[PDB]
DNA sequence: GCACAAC
RNA sequence: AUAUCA
DNA sequence: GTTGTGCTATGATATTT
Ligand SMILES: [Zn+2]
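Laid out in structure tokens, this is it:
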């Protein structure tokens, strides 16, 4: 936005949220009137409503960085439900199910962090380190259980969670010199 | 109420279903078949420390109620259980 | 948990 | 979602 | 005869993931 009347290069404008207006601080011209509360709007996606009574709660938050954009609900039991139709509609989801399956290597990272007592911020860095280096030609053919063992120390080394390489050698697995070279070809990327 | 749950109830919850076993019985063709095994996993005494905290830099130390309220931590203590893993085997009852 | 509406 | 207000 | 299907006071305010 830039005031149509004034036009000074550093466009000094204020967001008078309380009056729901966007004003030019110099001439006072209102540049916009429709203005939305982003906090409360975000409350509609990530709420505390797990029961299902909130009429405001109408969407859900996702993580486009880690799981791409895979929107998908799950057939489950409701109040008035026969245990028959749940099974059929779930047995029908089985026929509809390669790299769209290597996302189960996130389940390998998640089950490793929880076995290593690691926080929720470390898993999401280990999952982003693994997604951006598992199909690299720079890693080529490294021990596939030692490149995800190296991306956990990459996620810990940014989230400030102290984990020695010998601490991850105890988890899995690690071949020392094998997951030490792999911890460097990724570090360049 | 809570004390009764920690001193008694907790142990009995660890001991009701408790032990779980997995049996691997062979095809009885010939070696390396004809080997029937049963593995055990058992849960004994349950321990419970004084409240502690696991900081980001590995170090674990005691945690008082005031530090919990200020650093928004949880005033929890560690649950430890004695585990035992037995192994058994038979050929093609004992 | 109503109370009335259709199978 | 709880608590609450007349 | 049984099942099955709508709804069940007005507004307000304060936290908790
Ligand atoms: Zn202006």
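Residue numbers (the entry's author numbering), protein chains in the order written: chain M, 22 to 118, 122 to 213; chain B, 50 to 141, 146 to 147. We put the beta carbon where it would ideally sit given N, CA and C, even for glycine.
Check, Outcome
"Option nearest residue 172/M by Cα separation, candidates 182/M, 211/M, 115/M and 132/M", "132/M"
"heavy atom of ligand 1 below 6 Å from residue 27/M C-beta", "yes"
"For residue 111/B, three-class secondary structure by DSSP", "strand"
"Buried/exposed call for residue 104/M, threshold 16 Cβ in 10 Å", "exposed"
"Residue 210/M burial status per 10 Å Cβ neighbour count (16 or more: buried)", "buried"
"Length of the line joining the Cα atoms of residue 162/M and residue 85/M", "25 Å"
"Contact set for residue 166/M: own chain, Cβ-Cβ below 6 Å, skip 5 residues either direction", "206"
"Check: residue 50/M C-beta below 6 Å from any heavy atom of ligand 1", "yes"
"Nearest candidate by alpha-carbon position, reference residue 63/B, set 50/B, 73/B, 96/B and 86/B", "96/B"
"Check whether residue 203/M and residue 183/M have beta carbons under 7 Å apart", "no"
"Check: residue 47/M C-beta below 6 Å from any heavy atom of ligand 1", "yes"
"Residue environment, residue 150/M, which counts as buried when at least 16 other CB atoms sit within 10 Å", "buried"
"CA-to-CA distance, residue 72/B to residue 83/B, given in whole angstroms", "14 Å"
"For residue 29/M, the first and last residue of its enclosing beta strand (DSSP E)", "Neither: residue 29/M is in no beta strand (DSSP E) and is coded neither H nor E."
"8 Å Cβ shell around residue 134/B - same chain, five flanking residues per side excluded", "88, 89, 90 and 91"
"Cβ of residue 40/M within 7 Å of any chain B Cβ", "no"
"Bounding residues of the alpha helix (DSSP H) (the contiguous stretch that carries residue 178/M)", "175–180"
"Any C-beta of chain M under 7 Å from that of residue 126/B", "no"
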